[PDB]
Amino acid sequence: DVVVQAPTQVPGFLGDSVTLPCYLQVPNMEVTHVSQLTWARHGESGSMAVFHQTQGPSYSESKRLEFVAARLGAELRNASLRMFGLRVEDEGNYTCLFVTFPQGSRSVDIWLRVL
């Protein structure tokens, strides 16, 4: 089975940067295709951060987000997300999601703790 590995929580320092780590573990014996990476605030439907296999990355919250691993022309496995200059208003749950075929969606909730 394809399985997302992430911590359940991540402490960051106000005004500092931090990375939300999110990784897809794909067995060698198993066959899969990942089409995109989607980040959102837990509950909400849409993408704060999205990386697509052909279109590359697209952050929507602002230029305070970055896909640290994902690159075009390379298999998508690491959806790790960097957030610059965190705000009290950044504390919350987040969802890292892998858009795979034929397994379907693999996702996790990561808690971001500011201060």
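The first residue of the shown sequence is 1; numbering continues from there.
Requested in this report: With reference to the PDB entry, specify whether the mean Cα temperature factor is higher for 28-36 or for 54-62.
Outcome: That would be 54-62.
Query - 92-100 or 9-17, whichever carries the higher mean Cα B-factor - result: It is 9-17 that shows the higher mean C-alpha B-factor.
Query raised in the report: Should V68 be placed in the lowest, middle or highest third of its chain by the C-alpha B factor in the entry?
Result: Middle third of the chain for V68's C-alpha B-factor.
**Report entry** Relative C-alpha B-factor of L112, binned into the chain's lowest, middle or highest third
**Finding:** Middle third.
Report task. Can you work out whether the C-alpha temperature factor of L86 puts it in the lowest, middle or highest third of the chain? Result -> For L86, the deposited C-alpha B-factor lands in the highest third.
Query raised in the report: For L76, does the deposited CA B-factor place it in the lowest, middle or highest third of the chain?
Result: Answer is lowest: the recorded C-alpha B-factor places it there.
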